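Pasting my_file_26.pdb here (PDB, C-alpha atoms):
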MODEL        1
ATOM      1  CA  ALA N 269     219.869 160.454  33.770  1.00  0.00           C
ATOM      2  CA  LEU N 270     216.469 158.746  33.342  1.00  0.00           C
ATOM      3  CA  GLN N 271     215.689 161.029  30.442  1.00  0.00           C
ATOM      4  CA  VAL N 272     219.001 159.973  28.850  1.00  0.00           C
ATOM      5  CA  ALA N 273     218.151 156.305  29.068  1.00  0.00           C
ATOM      6  CA  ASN N 274     214.715 157.082  27.750  1.00  0.00           C
ATOM      7  CA  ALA N 275     216.241 158.878  24.793  1.00  0.00           C
ATOM      8  CA  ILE N 276     218.342 155.755  24.140  1.00  0.00           C
ATOM      9  CA  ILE N 277     215.200 153.649  23.857  1.00  0.00           C
ATOM     10  CA  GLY N 278     213.349 156.645  22.266  1.00  0.00           C
ATOM     11  CA  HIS N 279     210.137 156.363  20.361  1.00  0.00           C
ATOM     12  CA  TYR N 280     208.864 154.962  17.071  1.00  0.00           C
ATOM     13  CA  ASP N 281     206.053 155.318  14.661  1.00  0.00           C
ATOM     14  CA  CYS N 282     205.287 153.521  11.454  1.00  0.00           C
ATOM     15  CA  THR N 283     205.855 156.695   9.401  1.00  0.00           C
ATOM     16  CA  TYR N 284     209.452 157.107  10.447  1.00  0.00           C
ATOM     17  CA  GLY N 285     211.751 156.903   7.599  1.00  0.00           C
ATOM     18  CA  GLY N 286     214.752 154.757   8.314  1.00  0.00           C
ATOM     19  CA  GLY N 287     213.612 151.492   9.861  1.00  0.00           C
ATOM     20  CA  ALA N 288     216.127 148.747  10.136  1.00  0.00           C
ATOM     21  CA  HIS N 289     218.925 151.253  10.637  1.00  0.00           C
ATOM     22  CA  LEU N 290     217.687 153.015  13.782  1.00  0.00           C
ATOM     23  CA  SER N 291     220.011 153.355  16.744  1.00  0.00           C
ATOM     24  CA  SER N 292     217.394 152.264  19.204  1.00  0.00           C
ATOM     25  CA  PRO N 293     217.577 148.497  19.310  1.00  0.00           C
ATOM     26  CA  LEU N 294     213.879 148.368  20.329  1.00  0.00           C
ATOM     27  CA  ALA N 295     212.889 150.681  17.501  1.00  0.00           C
ATOM     28  CA  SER N 296     214.950 148.844  14.973  1.00  0.00           C
ATOM     29  CA  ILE N 297     213.595 145.464  15.979  1.00  0.00           C
ATOM     30  CA  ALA N 298     210.031 146.856  16.016  1.00  0.00           C
ATOM     31  CA  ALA N 299     210.428 148.247  12.583  1.00  0.00           C
ATOM     32  CA  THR N 300     212.021 145.165  10.931  1.00  0.00           C
ATOM     33  CA  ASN N 301     209.680 142.634  12.479  1.00  0.00           C
ATOM     34  CA  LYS N 302     206.592 144.899  12.478  1.00  0.00           C
ATOM     35  CA  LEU N 303     206.171 144.683  16.256  1.00  0.00           C
ATOM     36  CA  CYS N 304     204.028 147.751  16.430  1.00  0.00           C
ATOM     37  CA  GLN N 305     202.661 150.937  14.954  1.00  0.00           C
ATOM     38  CA  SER N 306     204.035 153.232  17.550  1.00  0.00           C
ATOM     39  CA  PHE N 307     205.848 153.379  20.850  1.00  0.00           C
ATOM     40  CA  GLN N 308     207.192 156.016  23.125  1.00  0.00           C
ATOM     41  CA  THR N 309     209.007 156.155  26.413  1.00  0.00           C
ATOM     42  CA  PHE N 310     208.080 158.759  28.934  1.00  0.00           C
ATOM     43  CA  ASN N 311     208.767 160.143  32.328  1.00  0.00           C
ATOM     44  CA  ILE N 312     205.753 161.785  33.995  1.00  0.00           C
ATOM     45  CA  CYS N 313     206.553 163.882  37.076  1.00  0.00           C
ATOM     46  CA  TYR N 314     204.428 164.999  39.929  1.00  0.00           C
ATOM     47  CA  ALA N 315     205.559 166.103  43.346  1.00  0.00           C
ATOM     48  CA  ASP N 316     207.730 163.352  44.928  1.00  0.00           C
ATOM     49  CA  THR N 317     206.460 160.715  42.513  1.00  0.00           C
ATOM     50  CA  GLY N 318     205.933 159.968  38.869  1.00  0.00           C
ATOM     51  CA  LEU N 319     205.290 157.324  36.298  1.00  0.00           C
ATOM     52  CA  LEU N 320     208.347 156.249  34.328  1.00  0.00           C
ATOM     53  CA  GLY N 321     207.963 153.940  31.404  1.00  0.00           C
ATOM     54  CA  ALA N 322     206.766 153.361  27.869  1.00  0.00           C
ATOM     55  CA  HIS N 323     203.432 153.159  26.007  1.00  0.00           C
ATOM     56  CA  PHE N 324     202.921 151.257  22.802  1.00  0.00           C
ATOM     57  CA  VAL N 325     200.266 150.335  20.230  1.00  0.00           C
ATOM     58  CA  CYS N 326     200.108 147.180  18.221  1.00  0.00           C
ATOM     59  CA  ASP N 327     198.419 144.268  16.650  1.00  0.00           C
ATOM     60  CA  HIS N 328     196.795 141.570  18.842  1.00  0.00           C
ATOM     61  CA  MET N 329     199.480 139.019  18.171  1.00  0.00           C
ATOM     62  CA  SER N 330     202.448 141.255  18.976  1.00  0.00           C
ATOM     63  CA  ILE N 331     201.844 142.327  22.503  1.00  0.00           C
ATOM     64  CA  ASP N 332     204.063 139.642  23.835  1.00  0.00           C
ATOM     65  CA  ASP N 333     207.055 140.435  21.612  1.00  0.00           C
ATOM     66  CA  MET N 334     206.792 144.160  22.112  1.00  0.00           C
ATOM     67  CA  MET N 335     206.833 143.600  25.873  1.00  0.00           C
ATOM     68  CA  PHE N 336     209.755 141.239  25.775  1.00  0.00           C
ATOM     69  CA  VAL N 337     211.803 143.533  23.729  1.00  0.00           C
ATOM     70  CA  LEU N 338     210.810 146.623  25.688  1.00  0.00           C
ATOM     71  CA  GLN N 339     211.756 144.936  28.960  1.00  0.00           C
ATOM     72  CA  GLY N 340     214.974 143.344  27.662  1.00  0.00           C
ATOM     73  CA  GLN N 341     216.065 146.836  26.761  1.00  0.00           C
ATOM     74  CA  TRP N 342     215.267 148.253  30.167  1.00  0.00           C
ATOM     75  CA  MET N 343     217.459 145.473  31.678  1.00  0.00           C
ATOM     76  CA  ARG N 344     220.254 145.911  29.176  1.00  0.00           C
ATOM     77  CA  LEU N 345     220.529 149.463  30.321  1.00  0.00           C
ATOM     78  CA  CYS N 346     220.339 148.604  34.045  1.00  0.00           C
ATOM     79  CA  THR N 347     223.209 146.153  33.620  1.00  0.00           C
ATOM     80  CA  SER N 348     225.042 146.880  30.320  1.00  0.00           C
ATOM     81  CA  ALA N 349     224.753 150.462  29.157  1.00  0.00           C
ATOM     82  CA  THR N 350     227.727 151.030  26.877  1.00  0.00           C
ATOM     83  CA  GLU N 351     229.420 154.396  26.581  1.00  0.00           C
ATOM     84  CA  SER N 352     228.492 155.720  23.115  1.00  0.00           C
ATOM     85  CA  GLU N 353     224.779 155.023  23.284  1.00  0.00           C
ATOM     86  CA  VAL N 354     224.832 157.266  26.346  1.00  0.00           C
ATOM     87  CA  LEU N 355     226.480 160.075  24.379  1.00  0.00           C
ATOM     88  CA  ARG N 356     223.689 159.731  21.780  1.00  0.00           C
ATOM     89  CA  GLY N 357     221.124 159.834  24.537  1.00  0.00           C
TER      90      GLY N 357
ATOM     91  CA  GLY C   1     198.087 123.622  19.569  1.00  0.00           C
ATOM     92  CA  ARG C   2     196.442 126.891  20.566  1.00  0.00           C
ATOM     93  CA  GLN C   3     198.092 130.171  21.563  1.00  0.00           C
ATOM     94  CA  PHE C   4     196.951 133.245  23.372  1.00  0.00           C
ATOM     95  CA  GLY C   5     195.720 135.782  20.848  1.00  0.00           C
ATOM     96  CA  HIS C   6     193.914 133.118  18.829  1.00  0.00           C
ATOM     97  CA  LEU C   7     191.705 131.669  21.541  1.00  0.00           C
ATOM     98  CA  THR C   8     188.362 133.384  21.482  1.00  0.00           C
ATOM     99  CA  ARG C   9     186.411 136.708  21.369  1.00  0.00           C
ATOM    100  CA  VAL C  10     185.896 138.872  24.400  1.00  0.00           C
ATOM    101  CA  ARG C  11     183.751 141.962  24.683  1.00  0.00           C
ATOM    102  CA  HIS C  12     183.667 144.364  27.495  1.00  0.00           C
ATOM    103  CA  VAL C  13     185.428 143.136  30.595  1.00  0.00           C
ATOM    104  CA  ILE C  14     187.781 144.922  32.860  1.00  0.00           C
ATOM    105  CA  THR C  15     190.131 142.958  35.091  1.00  0.00           C
ATOM    106  CA  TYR C  16     191.871 144.615  37.962  1.00  0.00           C
ATOM    107  CA  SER C  17     194.761 142.707  39.561  1.00  0.00           C
ATOM    108  CA  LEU C  18     197.501 143.277  42.078  1.00  0.00           C
ATOM    109  CA  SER C  19     201.255 142.515  42.371  1.00  0.00           C
ATOM    110  CA  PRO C  20     202.072 139.542  44.608  1.00  0.00           C
ATOM    111  CA  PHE C  21     204.654 141.603  46.384  1.00  0.00           C
ATOM    112  CA  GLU C  22     201.868 144.001  47.322  1.00  0.00           C
ATOM    113  CA  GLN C  23     199.352 141.583  48.890  1.00  0.00           C
ATOM    114  CA  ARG C  24     199.260 138.676  51.379  1.00  0.00           C
ATOM    115  CA  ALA C  25     199.637 135.071  50.248  1.00  0.00           C
ATOM    116  CA  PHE C  26     197.294 133.950  53.056  1.00  0.00           C
ATOM    117  CA  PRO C  27     194.696 136.784  53.374  1.00  0.00           C
ATOM    118  CA  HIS C  28     192.367 135.397  56.016  1.00  0.00           C
ATOM    119  CA  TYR C  29     193.602 131.819  55.969  1.00  0.00           C
ATOM    120  CA  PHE C  30     191.612 130.532  58.911  1.00  0.00           C
ATOM    121  CA  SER C  31     189.077 133.331  59.354  1.00  0.00           C
ATOM    122  CA  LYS C  32     187.629 132.724  55.849  1.00  0.00           C
ATOM    123  CA  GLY C  33     189.211 129.317  55.197  1.00  0.00           C
ATOM    124  CA  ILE C  34     187.446 126.989  57.663  1.00  0.00           C
ATOM    125  CA  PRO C  35     183.932 128.384  57.086  1.00  0.00           C
ATOM    126  CA  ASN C  36     184.380 127.678  53.363  1.00  0.00           C
ATOM    127  CA  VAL C  37     185.563 124.071  53.624  1.00  0.00           C
ATOM    128  CA  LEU C  38     182.643 123.491  55.993  1.00  0.00           C
ATOM    129  CA  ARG C  39     180.450 125.009  53.260  1.00  0.00           C
ATOM    130  CA  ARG C  40     181.977 122.803  50.480  1.00  0.00           C
ATOM    131  CA  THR C  41     181.821 119.694  52.700  1.00  0.00           C
ATOM    132  CA  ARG C  42     178.207 120.398  53.507  1.00  0.00           C
ATOM    133  CA  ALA C  43     177.472 121.056  49.890  1.00  0.00           C
ATOM    134  CA  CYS C  44     178.697 117.555  49.031  1.00  0.00           C
ATOM    135  CA  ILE C  45     178.332 115.130  51.972  1.00  0.00           C
ATOM    136  CA  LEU C  46     175.091 113.704  50.684  1.00  0.00           C
ATOM    137  CA  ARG C  47     176.435 112.522  47.332  1.00  0.00           C
ATOM    138  CA  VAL C  48     179.855 111.324  48.426  1.00  0.00           C
ATOM    139  CA  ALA C  49     179.268 109.839  51.943  1.00  0.00           C
ATOM    140  CA  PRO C  50     176.224 107.478  51.470  1.00  0.00           C
ATOM    141  CA  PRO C  51     177.897 104.875  49.153  1.00  0.00           C
ATOM    142  CA  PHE C  52     180.849 104.675  51.524  1.00  0.00           C
ATOM    143  CA  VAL C  53     178.862 103.925  54.689  1.00  0.00           C
ATOM    144  CA  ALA C  54     176.986 101.348  52.582  1.00  0.00           C
ATOM    145  CA  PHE C  55     180.330  99.731  51.828  1.00  0.00           C
ATOM    146  CA  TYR C  56     181.248 100.305  55.479  1.00  0.00           C
ATOM    147  CA  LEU C  57     178.117  98.433  56.698  1.00  0.00           C
ATOM    148  CA  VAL C  58     178.656  95.591  54.213  1.00  0.00           C
ATOM    149  CA  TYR C  59     182.330  95.274  55.195  1.00  0.00           C
ATOM    150  CA  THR C  60     181.772  94.816  58.967  1.00  0.00           C
ATOM    151  CA  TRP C  61     178.761  92.545  58.548  1.00  0.00           C
ATOM    152  CA  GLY C  62     180.643  90.606  55.867  1.00  0.00           C
ATOM    153  CA  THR C  63     183.629  89.653  57.997  1.00  0.00           C
ATOM    154  CA  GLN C  64     181.328  89.063  60.976  1.00  0.00           C
ATOM    155  CA  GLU C  65     179.360  86.389  59.190  1.00  0.00           C
ATOM    156  CA  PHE C  66     182.611  84.952  57.840  1.00  0.00           C
ATOM    157  CA  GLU C  67     183.882  84.066  61.325  1.00  0.00           C
ATOM    158  CA  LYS C  68     180.502  83.202  62.757  1.00  0.00           C
ATOM    159  CA  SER C  69     180.099  80.855  59.786  1.00  0.00           C
ATOM    160  CA  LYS C  70     183.004  78.576  60.687  1.00  0.00           C
ATOM    161  CA  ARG C  71     184.116  79.389  64.222  1.00  0.00           C
ATOM    162  CA  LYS C  72     180.497  79.602  65.359  1.00  0.00           C
ATOM    163  CA  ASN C  73     179.870  76.401  63.172  1.00  0.00           C
ATOM    164  CA  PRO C  74     180.093  74.151  66.184  1.00  0.00           C
ATOM    165  CA  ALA C  75     177.530  75.191  67.623  1.00  0.00           C
ATOM    166  CA  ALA C  76     175.663  71.947  68.215  1.00  0.00           C
ATOM    167  CA  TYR C  77     176.488  68.365  67.202  1.00  0.00           C
ATOM    168  CA  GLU C  78     174.761  66.460  70.034  1.00  0.00           C
ATOM    169  CA  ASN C  79     174.409  62.658  70.222  1.00  0.00           C
TER     170      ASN C  79
ENDMDL
END
Mind converting the file's structure to structure tokens?
Amino acid sequence: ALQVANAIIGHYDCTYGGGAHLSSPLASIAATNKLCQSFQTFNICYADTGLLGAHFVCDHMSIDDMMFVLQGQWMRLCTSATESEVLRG
Amino acid sequence: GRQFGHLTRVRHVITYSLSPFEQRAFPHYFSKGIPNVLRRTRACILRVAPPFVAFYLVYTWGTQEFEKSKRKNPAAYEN
């Protein structure tokens, strides 16, 4: 299930074709407003524990926005995951 | 106005920090607290205290002489 939600948020890179039109709200916002160069969610596993999150790369004046957006997405999913985005994931 | 990101230039400094929900809000409140305020008090008595006792001395002597100037006035008026 975590991997599904991660897929929903996905990843991004400045060489992706298709910017504004991406399904990932984070990715689309990052692409249109140039919030970063690259991002990627992840789910590292070790025995009984793991790191679950995202890693991004960006300009010095965008760290705040990227974070906001990243986090707002995490919450949206916690509280408002809609049905179709889950199919996509 | 000035925002973070446009403040100034910083070279090579690491900053480790910890979540508030992971530490105590009052580490060694008294254990380390008291000793330190003693230390800060000590460190400053000599520049803060002196002018105040000076006022203190001038205040008690000042009222003293104010009463002893009139009340004490008589005194002697002998004839």
task = Write down, as JSON, numbers by chain, each residue of chain N that has any atom within 9 Å of an atom of chain C, counting all atoms listed in the file.
result = {"N": [328, 329, 330]}
request  = Please measure the separation of atom CA of residue 10 of chain C and atom CA of residue 299 of chain N, giving the value in Å to one decimal.
outcome  =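 For atom CA of residue 10 of chain C relative to atom CA of residue 299 of chain N, the distance reads 28.8 Å.
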ask   = What's the 12 Å shell around residue 289 of chain N, counting only C-alpha atoms, without same-chain residues fewer than 6 positions away, as a PyMOL selection string?
value = chain N and resi 295-300
Quick one: write out the picked residues with C-alpha atoms as a compact mmCIF listing (two decimals), in the frame of the given file?
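Final file, selection_39.txt:
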# COMPACT_ATOMS: atom_id res chain seq x y z
CA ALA N 295 212.89 150.68 17.50
CA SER N 296 214.95 148.84 14.97
CA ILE N 297 213.60 145.46 15.98
CA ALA N 298 210.03 146.86 16.02
CA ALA N 299 210.43 148.25 12.58
CA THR N 300 212.02 145.16 10.93
task = Write out as number ranges by chain which residues come within 7 Å of residue 277 of chain N when counting only C-alpha atoms, dropping same-chain ones fewer than 3 positions away.
result = N: 273-274, 292, 294
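As for atom CA of residue 320 of chain N and atom CA of residue 270 of chain N, they are spaced 8.6 Å apart.
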request  = Determine the residue set returned by the PyMOL selection byres ((chain N and resi 326) around 7) for the present structure, and present it as a PyMOL selection string.
outcome  = chain N and resi 303-305+324-325+327-328+330-331
message = Please report the interatomic distance between atom CA of residue 342 of chain N and atom CA of residue 356 of chain N in Å with one decimal.
response =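 According to the coordinates, atom CA of residue 342 of chain N and atom CA of residue 356 of chain N are separated by 16.5 Å.
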